[PDB]
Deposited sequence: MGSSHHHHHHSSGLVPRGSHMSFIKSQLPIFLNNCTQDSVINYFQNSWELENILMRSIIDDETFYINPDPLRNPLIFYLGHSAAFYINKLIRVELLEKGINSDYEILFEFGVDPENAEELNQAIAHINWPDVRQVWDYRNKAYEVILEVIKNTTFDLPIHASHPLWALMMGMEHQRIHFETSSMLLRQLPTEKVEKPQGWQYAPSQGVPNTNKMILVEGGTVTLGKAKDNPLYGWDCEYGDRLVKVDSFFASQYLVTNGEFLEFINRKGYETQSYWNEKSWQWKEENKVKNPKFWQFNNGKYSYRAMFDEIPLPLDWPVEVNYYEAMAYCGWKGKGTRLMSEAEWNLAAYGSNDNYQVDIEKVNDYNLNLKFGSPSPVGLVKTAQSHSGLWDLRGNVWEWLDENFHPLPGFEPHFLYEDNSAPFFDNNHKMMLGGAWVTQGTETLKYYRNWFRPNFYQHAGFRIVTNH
């Protein structure tokens, strides 16, 4: 039916974060990332940076482990680290504007970084077993460091999965039980649905009993006018029509910045398509397969907007407030079990046909607002009123309130943890590739 053999534990309310439940959730966070890292066949592949805007894979093998250690030291739950050189080397990731910036380090051996991981795992597990979990946990409790570490690791499962997908298939091995969604399927008609206007409140209250990142908090009331939105995410088959109507070759659908990006990278189609013998194949995590015509297309923001340009007629993307209104209405009590109703949390090992998951239609009538692939939004990443950086990670989001990052919401098939729930806010530079697609909007 769907992926079952590789299983991801649902997140836990801070009022239920018992020592036993957290041990299980920590072990699961870490085992999942181990399964992903073990899919690289040859240790020399760890010195490749398959995405030219991100670090070599060796860095991501050590990074999630160093992050836990650094934050437990900062709250004084650990009195010393495991390797101070590695805790520096693996500390900070990257967000360059171009490949040259990043290109401009002696990495350790792969076996030395696995050793570091295994030692860190045992040190953290002992902290967990030796600390009292006085419920409830909260943002001024030292164990917030541990909750932050587990979510950071699950976020890096998702962003590392995109790096492994950019390696040649011959360099990776599919883990036992990895299961893609059914792919045969021509898409259904993608109808425009009227979403009735109303008021939404964005943000998260300080004492909400769920872990979250600083940029999730605050309070913003927004009056949202009615709008039309496509009931499905734009599919591979819809986007193939744009390609066949010279979408990548027509300047008027683009703008100068996005056209420059397209030309510089010689782009003729979405990143994970290849044209051979008269037809497109598609690169799933570990295998090439015939293009799944009814799955959501995966594009960066530039490509999403070019398709909007081809549609014409004021076609555009949703704002953050518009997505929230469509997904959650005007209400809200999170029900964590509802994550099972969407293509989230490794329900599948890939995107799914739009509409296949029959529980995934929001009350507004739109399908896969939650799950399947993130959806891009026409919204510069920005703080909500009441935003405050957290002492444990002051630079988490504030550097990126710079009008150079667009938002995306709702989670993908690969998304885990509190990132699958209502409050998480995601953001990327508009040229970046994620497990991410879009739907189209018109005012009238």
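Stretches of the deposited sequence absent from the structure, as judged by C-alpha coordinates, are 1-18, 123-126, 354-355.
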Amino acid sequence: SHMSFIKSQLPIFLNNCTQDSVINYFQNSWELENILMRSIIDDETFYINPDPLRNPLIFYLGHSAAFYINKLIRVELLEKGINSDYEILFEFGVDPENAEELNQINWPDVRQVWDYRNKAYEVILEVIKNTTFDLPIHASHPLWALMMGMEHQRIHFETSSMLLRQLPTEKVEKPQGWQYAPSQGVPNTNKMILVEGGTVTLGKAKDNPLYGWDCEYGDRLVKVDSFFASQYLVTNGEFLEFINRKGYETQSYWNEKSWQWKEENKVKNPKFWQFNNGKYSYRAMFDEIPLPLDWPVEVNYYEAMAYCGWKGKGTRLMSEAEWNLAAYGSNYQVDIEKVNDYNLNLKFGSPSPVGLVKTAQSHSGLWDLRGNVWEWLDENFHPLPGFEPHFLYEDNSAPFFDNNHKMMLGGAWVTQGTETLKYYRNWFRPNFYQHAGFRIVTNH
From here on, numbers count along this sequence of modelled residues.
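Of the other compared PDB entries of this protein that include residues on both sides, at least a third leave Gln104 without atoms. Across the other PDB entries of this protein whose models span the neighbouring residues, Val94 goes unmodelled in a third or more. Comparing 43-51 with 380-388, the higher mean C-alpha B-factor in the PDB entry belongs to 43-51. The mean Cα B-factor in the deposited entry runs higher for 76-84 than for the other of 288-296 and 76-84.
Highest C-alpha temperature factor among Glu196, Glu322, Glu101, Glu256, as the PDB entry reports it: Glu101. Per the PDB record, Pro168 has a higher Cα B-factor than any other of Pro168, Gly247, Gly371, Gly212. Sort the modelled residues of the chain by CA B factor and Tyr302 lands in the lowest third. Among all modelled residues in its chain, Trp107 ranks in the highest third by Cα B-factor. The deposited CA B-factor of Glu91 belongs to the highest third of values across its chain. Per the deposited record, the Cα B-factor of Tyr328 falls in the middle third when ranked against the other modelled residues of its chain. The entry lists a Cα temperature factor for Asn70 that places it in the highest third of the chain's modelled residues.
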